[PDB]
Amino acid sequence: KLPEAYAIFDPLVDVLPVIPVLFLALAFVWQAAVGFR
Amino acid sequence: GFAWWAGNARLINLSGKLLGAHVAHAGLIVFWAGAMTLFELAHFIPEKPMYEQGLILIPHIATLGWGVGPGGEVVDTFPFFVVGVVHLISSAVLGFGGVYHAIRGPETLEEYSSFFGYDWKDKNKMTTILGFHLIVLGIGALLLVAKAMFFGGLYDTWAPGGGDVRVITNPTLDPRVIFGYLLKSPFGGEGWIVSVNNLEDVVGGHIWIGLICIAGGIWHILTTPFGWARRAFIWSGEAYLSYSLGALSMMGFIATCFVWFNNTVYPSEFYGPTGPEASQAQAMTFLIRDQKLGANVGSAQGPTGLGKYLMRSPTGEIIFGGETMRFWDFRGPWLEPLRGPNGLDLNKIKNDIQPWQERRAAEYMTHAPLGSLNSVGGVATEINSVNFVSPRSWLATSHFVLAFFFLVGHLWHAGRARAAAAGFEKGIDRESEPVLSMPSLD
Amino acid sequence: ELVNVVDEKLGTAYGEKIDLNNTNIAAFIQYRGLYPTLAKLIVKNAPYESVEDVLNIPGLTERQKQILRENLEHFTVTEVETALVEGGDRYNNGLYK
Amino acid sequence: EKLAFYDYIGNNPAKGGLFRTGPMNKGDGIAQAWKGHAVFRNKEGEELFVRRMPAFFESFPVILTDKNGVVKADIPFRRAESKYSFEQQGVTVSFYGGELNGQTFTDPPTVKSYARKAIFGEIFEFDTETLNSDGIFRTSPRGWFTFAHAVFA
Amino acid sequence: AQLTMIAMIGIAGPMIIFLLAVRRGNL
Amino acid sequence: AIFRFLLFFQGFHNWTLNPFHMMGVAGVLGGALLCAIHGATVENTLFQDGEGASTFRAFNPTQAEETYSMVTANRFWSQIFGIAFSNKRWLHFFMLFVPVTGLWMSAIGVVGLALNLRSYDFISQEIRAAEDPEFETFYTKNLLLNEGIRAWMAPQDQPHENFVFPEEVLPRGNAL
Amino acid sequence: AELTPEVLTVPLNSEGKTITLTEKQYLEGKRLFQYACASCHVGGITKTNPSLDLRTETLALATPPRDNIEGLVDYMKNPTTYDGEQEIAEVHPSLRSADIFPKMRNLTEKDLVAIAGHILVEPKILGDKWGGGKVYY
Amino acid sequence: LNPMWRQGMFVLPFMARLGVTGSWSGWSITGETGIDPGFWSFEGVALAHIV
Amino acid sequence: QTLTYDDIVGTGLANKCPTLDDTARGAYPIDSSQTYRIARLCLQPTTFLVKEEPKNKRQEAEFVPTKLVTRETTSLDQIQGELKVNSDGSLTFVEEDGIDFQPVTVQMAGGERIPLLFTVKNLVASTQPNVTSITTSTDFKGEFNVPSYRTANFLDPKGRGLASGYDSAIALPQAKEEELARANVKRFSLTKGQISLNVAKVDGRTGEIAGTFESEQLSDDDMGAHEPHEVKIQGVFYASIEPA
Amino acid sequence: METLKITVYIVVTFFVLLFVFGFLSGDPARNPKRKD
Ligand code: CLA
Ligand code: CLA
Ligand code: CLA
Ligand code: CLA
Ligand code: CLA
Ligand SMILES: CC1=C(/C=C/C(C)=C/C=C/C(C)=C/C=C/C=C(C)/C=C/C=C(C)/C=C/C2=C(C)CCCC2(C)C)C(C)(C)CCC1
Ligand SMILES: CC1=C(/C=C/C(C)=C/C=C/C(C)=C/C=C/C=C(C)/C=C/C=C(C)/C=C/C2=C(C)CCCC2(C)C)C(C)(C)CCC1
Ligand SMILES: CC1=C(/C=C/C(C)=C/C=C/C(C)=C/C=C/C=C(C)/C=C/C=C(C)/C=C/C2=C(C)CCCC2(C)C)C(C)(C)CCC1
Ligand SMILES: [Fe+2]
């Protein structure tokens, strides 16, 4: 468990590891926006 | 002239934007290391072995001597939190520099400054960047040495009395030992560098490597490649990438075997037992049970004529019988007390097996690194109930896949770099097709 | 003259009760208080000429002696069959679950 | 005997093999005589029934049931925890009709030997020497014709 | 739940693209 | 359910031993090989018909010219493998022929299995093994596996048969 | 079919008193059995000693009888061999040996009743599968 | 009582005539067992002709 | 001074019995008032001889040499037992326990493999009377048991066995079984062997002895499928004697 | 067996050296277009 004073953040921490995956997906939203140029 | 799906090739000659790509990507790596550690800590339960909990980063920290005490018991989780926080915080700094250099900074660096700018074909400048990074790497290897010798030591699974954190005061410097590993066979009973089985050799190897890397860094800052090297290599950014992909591939296959066989720098206390270890522990377990019931395990002939519990290896050593005969090269701290000069010692087996050895064998047999993709532990025919896949299987399989794909990438980019260097990567010139100017084969 | 001796043995009291000279040690779990302690002693001290001989195993407490008397009717003895006692097969006959 | 011979799996056309060539006689032999109908009983006089081989199975275990389908005897694979052996259950076989009419057999190896044959249905005496029969079932003209014509179609 | 944060975080990325293709930026 | 079908065919029909399945395997695996090797060959014998690093753009569906060099392809394969295609028509007919023929061959074998007309055994091997308990081959090892499959899956896979196999009749090796 | 109180009614002691578990207790018991025991006792067998299973009839013939809540709760505190002659806390998880089996440290008395009830209920649901091993998978 | 000439051997005697008498299998035509003929065994002579 | 596992592992030395100094020509005295044990008996074979078959019955077959194909897996070691003094001053060793068997297969000329269970199980071996000192001329002679090379669970390649397995040739469902009976019905042999141990070195200080052995026993009969061969084994031995 | 071991060591060393020195002998230049 996290130290008690950061306990407030458990549910955010459960999500942080996945964020680098989102950068890959963001690369495709960006390319969709400029028309796969 | 690249398409969108090859879009990062448009950066080959944009040193400034390429710097941003690299530094932003570095932020992603450090971000994952921090976020993943905090995720693992948030889920960590101290009363369960690490390896029942899907942990791969906390074991790496524990192995450095932080957070653990005798036997591998977790005593203080704060060092884990710190490691994760500091990595996570640091990733914002790298992300900041990355997106600044990728989006706002000078697109090319050659104009802003001759020191940071580079031409891929500038053999002097390329070896100087290489030299700097070699020095950095050498310093990094010496940090491990610093930790082991001056800042608390490392976790030593071989420590007497169950394993413990131990300061390394006499690292191995003898180059016959250090480089002797590099010359051992990679086959069974030898294991190349994967067989390193004590922390003195681990730390001394890192002294050597740190010095070697610093010396070679200085060498490459100060020299230019000799003619024989100039004529052997392709000098282009894609070529350099291909060389590094080959090296990463090699390293990944090695890492795969390390985590599958080595129980010294991947202590089984944290990572779970190795495949060989678990197999040996099964035979130990039933030797113990049966002997307690009165069986004479030394004289018990099994169905095949070979000993049911004990037999000889091909060079005569007394070893566990059954199929685990294949794993007799296994060495582990719970088992070595029973080993004499000729292998397993029948008198120690009869007289000196201790409860803690019984417990450890039973634990390791029931935590063998077998399990399904949906994390049902055990052999493929087992029913649902146990949620377990060994960290060793997760780390071995992942790094095999990555190493394989990087070898493919090596081949892809090495072949392309050669073809582009000679000028035919976009296809055959219709008007100058080489084969049309060669004699026919028949 | 060509007969399977294990099949033959199933036609004796071996096929009906715990044979103190042949049966694998795991069978002694079928009755209370016999496994593992007494079972270990019984097997180590075989062979027996009569079921009653088990009571003369040196060292039996009087509790142990009483447990045997309770269970003598579940025991038998037949001739030792080499195929069943060689290989340490009374301690581990290769059968698990 | 002609009716009994139909009630025998060796004449089932789905017991053959693609490369087991020649006549059915080359496999099980030339049938000479019905041995008689085998009746199995345990030591408590209850009549037991051999479970017949289904056509799907190249090999099949020997399981004896009572009239209600309850397993009462078998030929065990692992002997050590055997409950239903012929030796333990006192299984006998008696013949009615045929060559063995009115004979009863009680020695377990002989009884097992007929139970091995009863999974095939009715029990026949075969001449295996005349054609050097190899003991392995072949299909009939009904099988070969069907095969050829389904494939050509 | 956890699905609150992953929603705020998940929208950050498309939000950036949207604001830039509306303010016709250097996309 | 199809996975179960595969395994049924192994244990009951010894389908892997059937030469018609084997011809099917060769046509399917041979087809995938032809697919891969032809596509790679074309992609690595392309003519430079445009300046881009993405070579897809330099093709025009109405151009009459071949987009890759049969001549260079033929030389490469002749020198690598010994033989090569020289006739584009034969090449693409062969690509039709191989997988279609393989599938047709497997269908014939299954028609045989409709009748239990299996390639289950080799008689010579069985005669020797019955007489000589030291004779062992991968063929005999696989029949033991089939025997395991049949006894262990039949009661649940064929519930209408009401198979009751007591523990003592299940074939099992030592310990397992 | 469902999880009725009849199935959830198990012997409390050797004197014939019974106790009816709730569905909550049973599921808690199952979860805890997976946490602390299934690594060796999946499906009611014992991987490190298959001669001894968790079938009710086996437990009934243990000394102290273990086919009831009290006998099982005691076993989890102070395990013995099957004939009761020797205490085996140093090689079998128990509260007595929670120092060397850390998963036992956070088990409460109520958790012990739930585990014991799961062990007694499951053969009522699964029959021969409980303790019977791969033959019955 | 079962020499090579009873067994229809035709080339075996021509090898034996000029000094090849043993097999890599460890037998010799004179009945001696446990002999190492070196390469020029019956098998080695045969292999040399194939090559 | 002695060696560690990591000095020995992989060398072949683990399959070798301890040797005694060629100076060790003493005598170890025996007090009928004391009791003794063999704390370690080691037997290391160096030669496997197999008897041939001479077609007729008027020339008699010889013991021929064989090649080992199962590597350095042959020695018996850690054997222990009572060394008893009899009324007549003879000594009798009674084997109790140890690594007292090794399967071996040797190959004869022509390529026949001959498996055997090299063993001294249940060894009882006795000296001449009036020993009173173990010397470099003391000989022990005895007999041991040779169980079947495979034990009862062993399944042949068609699944037939003694304690497990099929009882018929299931691949030949309607073949005549009478011809197959020898292969179908397994049986468990138990035969006797003979051994001579010849003491040629004695360290009186330490109780260690060493010398030469010759053993004679039968080979594997593959659970009654075929007739066994007669085998003669020669090698060296080492033993350590202790007061009880 | 030691004669065999030595022979193979020598044969393997020889081929491996051919390989290493062959690719060090200006291999990039051995193509049909630009040789540099
Ligand atoms: C780690 C992954 C990675 C990285 C670091 C890069 C980096 C880069 N790419 Mg590549 N690319 C990638 C993956 C990646 N790419 C993938 C997966 C694809 C396939 C779709 C491509 C396809 C692709 C193409 C087709 C092109 C590039 C180009 C570029 C460069 C210019 C992009 C630009 O101006 O966008 C402008 C985009 C924006 C203004 C939108 C917002 C982008 C920002 C950075 C999002 C950051 C969000 C983050 C939460 C901020 C934290 C801030 C905090 C630290 C303070 C840049 C260096 C271009 C190039 O080479 O230029 C010559 C180009 O043409 N990329
Ligand atoms: C290897 C990565 C790398 C490289 C090669 C460069 C290279 C460059 N940057 Mg970039 N930068 C980086 C990372 C990198 N930067 C990061 C991580 C950030 C975010 C903090 C930035 C933010 C940044 C800005 C805002 C600007 C540049 C600029 C420049 C240029 C001049 C730099 C200068 O004069 O500093 C000279 C040297 C120093 C100032 C000394 C700094 C000493 C460092 C900080 C100590 C080492 C740190 C250590 C490794 C970390 C320890 C670990 C810790 C987590 C515990 C040059 C092209 C400038 C530019 O391009 O102008 C157009 C500019 O304005 N950079
Ligand atoms: C990331 C690390 C790195 C990289 C990429 C380079 C790259 C380079 N070095 Mg430098 N070098 C480094 C580290 C590195 N170096 C370090 C740390 C040192 C200090 C020891 C040196 C010392 C050094 C010298 C002294 C020289 C170079 C030279 C060169 C150039 C030619 C290299 C070559 O032909 O290799 C290809 C390798 C060979 C042809 C020989 C192969 C030998 C190995 C050991 C065989 C083993 C193969 C086997 C299958 C793998 C298992 C390993 C085994 C030992 C167990 C090239 C630019 C040369 C140059 O031009 O200098 C200016 C040169 O003469 N380097
Ligand atoms: C350090 C690693 C590294 C680096 C820096 C590069 C860099 C580059 N590569 Mg190389 N590549 C690598 C490794 C690397 N590669 C590996 C390991 C392989 C073998 C797999 C390749 C194979 C490869 C090919 C085949 C090609 C390149 C090309 C290129 C160029 C443009 C790439 C681009 O824009 O991608 C843009 C990114 C995308 C289109 C996204 C791809 C998405 C991947 C395939 C899926 C990832 C999903 C992941 C497994 C998890 C999913 C799990 C779940 C959600 C299901 C660029 C110079 C191109 C080239 O030659 O240019 C010169 C090209 O044609 N690369
Ligand atoms: C409709 C056709 C037909 C049928 C159903 C029968 C049926 C029978 N015949 Mg008769 N027969 C026929 C035609 C037929 N025959 C013809 C045309 C001849 C002349 C050659 C004979 C000559 C003949 C003799 C001489 C004998 C029989 C006998 C028998 C019996 C045993 C058959 C047997 O063992 O098959 C075995 C069948 C096989 C082993 C199958 C062969 C599979 C082929 C070779 C596959 C080839 C695949 C191909 C090469 C793939 C390439 C395709 C692609 C890649 C290009 C059976 C009742 C026997 C008997 O009992 O007589 C009393 C007997 O001795 N037959
Ligand atoms: C260029 C580009 C790209 C890329 C990008 C990148 C890759 C980026 C990166 C970036 C990054 C890499 C970022 C990072 C960030 C981070 C941060 C921002 C952090 C934060 C932190 C915090 C805030 C913390 C908190 C805490 C603490 C302190 C303690 C514990 C708890 C918690 C966790 C809460 C793309 C492809 C998209 C597109 C195109 C262009
Ligand atoms: C740390 C450590 C250690 C140590 C280590 C070390 C010391 C290492 C080293 C290492 C090294 C020392 C390595 C090396 C490597 C090398 C390589 C890897 C190379 C390669 C090469 C190549 C690749 C080449 C190629 C080529 C050719 C052949 C021809 C021409 C062309 C070219 C150039 C391409 C130890 C174990 C003790 C322990 C633990 C830790
Ligand atoms: C019929 C007849 C006859 C005749 C016959 C004859 C004339 C035969 C011939 C035969 C022959 C005449 C045979 C041959 C054989 C041969 C062989 C068998 C060969 C082999 C070869 C090889 C295999 C080779 C290989 C190689 C190469 C090519 C190269 C490299 C090296 C090597 C060696 C690897 C007569 C008149 C007597 C009469 C009776 C009948
Ligand atoms: Fe095409």
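Conventions and cut-offs
- All residue numbers refer to a per-chain count from 1 along the written sequence rather than necessarily to the numbering of the entry. Residues that lack coordinates are not shown.
- Lettering of chains starts at A and numbering of ligands starts at 1, both following the order in which they are written.
- These chains belong to a larger assembly; all numbers given describe just the chains displayed.
- Hydrogens are left out, water is left out, and the side-chain values use all remaining heavy atoms of the structure.
- Residues with missing side-chain atoms are left out of burial classes, side-chain pairs and their counts.
- UniProt positions are given in the numbering used here, feature names are shortened, and annotations may be inferred rather than shown by experiment.
- Any two residues having at least one pair of non-hydrogen atoms within 4.5 Å are treated as being in contact.
- Summed over both partners, the accessible area lost on bringing two parts together, with a 1.4 Å probe, is the buried area.
- Counted as salt bridges are all cases of a side-chain nitrogen of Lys or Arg within 4 Å of a carboxyl oxygen of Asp or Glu.
- For this classification, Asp, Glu, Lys and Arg are treated as charged, while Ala, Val, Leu, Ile, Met, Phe, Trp, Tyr, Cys and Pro are nonpolar and the rest, including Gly, are polar.
- What counts as a helix is a DSSP run of H or I of at least four residues, what counts as a strand is a run of E of at least two, and both are numbered from the N terminus.
- Remark: exposure states derive from per-residue accessible area (1.4 Å probe, protein chains only) relative to the maximum for the residue type, with buried under 20%, exposed over 50%, and partly exposed in between.
- Identification of polar contacts relies on pairs of N or O atoms within 3.5 Å, with a donor-acceptor requirement for protein atoms, meaning one able to donate a hydrogen and the other able to accept it, and with residues adjacent in sequence counted only if both atoms are side-chain atoms.

- Going by the PDB entry, chain G carries the name Cytochrome c-550 and comes from Thermosynechococcus elongatus.
- The deposited entry bears the title "RT XFEL structure of Photosystem II averaged across all S-states at 1.89 Angstrom resolution".
- Quoted verbatim from the Subcellular location field of the UniProt record, the comment on chain G reads "Cellular thylakoid membrane".
- According to the UniProt record, the Sequence similarities comment for chain G reads "Belongs to the cytochrome c family. PsbV subfamily."

- Recorded in UniProt for chain B, the comment headed Subcellular location runs: "Cellular thylakoid membrane".
- Under the UniProt heading Sequence similarities, the entry covering chain B gives this text: "Belongs to the PsbB/PsbC family. PsbC subfamily."

### Focus on the interface of chain F and chain B
Part 1 of the reasoning: At the junction of the two partners, chain F supplies 22 residues and chain B supplies 17 residues.
Part 2 of the reasoning: Taken together, both faces of the contact between chain F and chain B bury some 1,700 Å²; the carbon and sulfur share is 58%.
Part 3 of the reasoning: Our count for the chain F to chain B interface comes out at one salt bridge.
Part 4 of the reasoning: Notably, a salt bridge pairs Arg430 of chain B with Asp49 of chain F, separated by 2.8 Å at the nearest N-O pair.
Part 5 of the reasoning: Tallied by class, the residues present in the side of chain F that touches chain B amount to five nonpolar, 11 polar and six charged.

### So, the UniProt feature "transmembrane region" in chain B
Part 1 of the reasoning: Mapped onto this structure's residue numbering, the UniProt feature "transmembrane region" falls at residues 30-52, 93-114, 137-159, 214-234, 250-270 and 406-430 of chain B.
Part 2 of the reasoning: Helix makes up 68% of residues 406-430 of chain B and strand 0%. Its end C-alpha atoms lie 34 Å apart.

### Observations regarding the side chain of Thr172 of chain B
Residue and element names in this part refer to chain B.
Part 1 of the reasoning: Of note, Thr172 is situated in the loop between β2 (164-166) and α5 (175-183).
Part 2 of the reasoning: Using a relative accessible area of 14% as the deciding quantity, one classes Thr172 as buried.
Part 3 of the reasoning: Side-chain polar atoms of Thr172 contact the side chain of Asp201, separated by 2.6 Å.

### Here we look at unusual backbone geometry
Part 1 of the reasoning: Backbone torsion omega between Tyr35 of chain C and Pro36 of chain C reads 0°, so that peptide bond is classified as cis.
Part 2 of the reasoning: Relative to the assigned elements, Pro36 of chain C resides in the loop between β1 (18-19) and α2 (37-45).
Part 3 of the reasoning: Backbone torsion omega between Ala46 of chain C and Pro47 of chain C reads 5°, so that peptide bond is classified as cis.
Part 4 of the reasoning: Non-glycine residue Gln78 of chain I carries a positive phi angle of around 60°.

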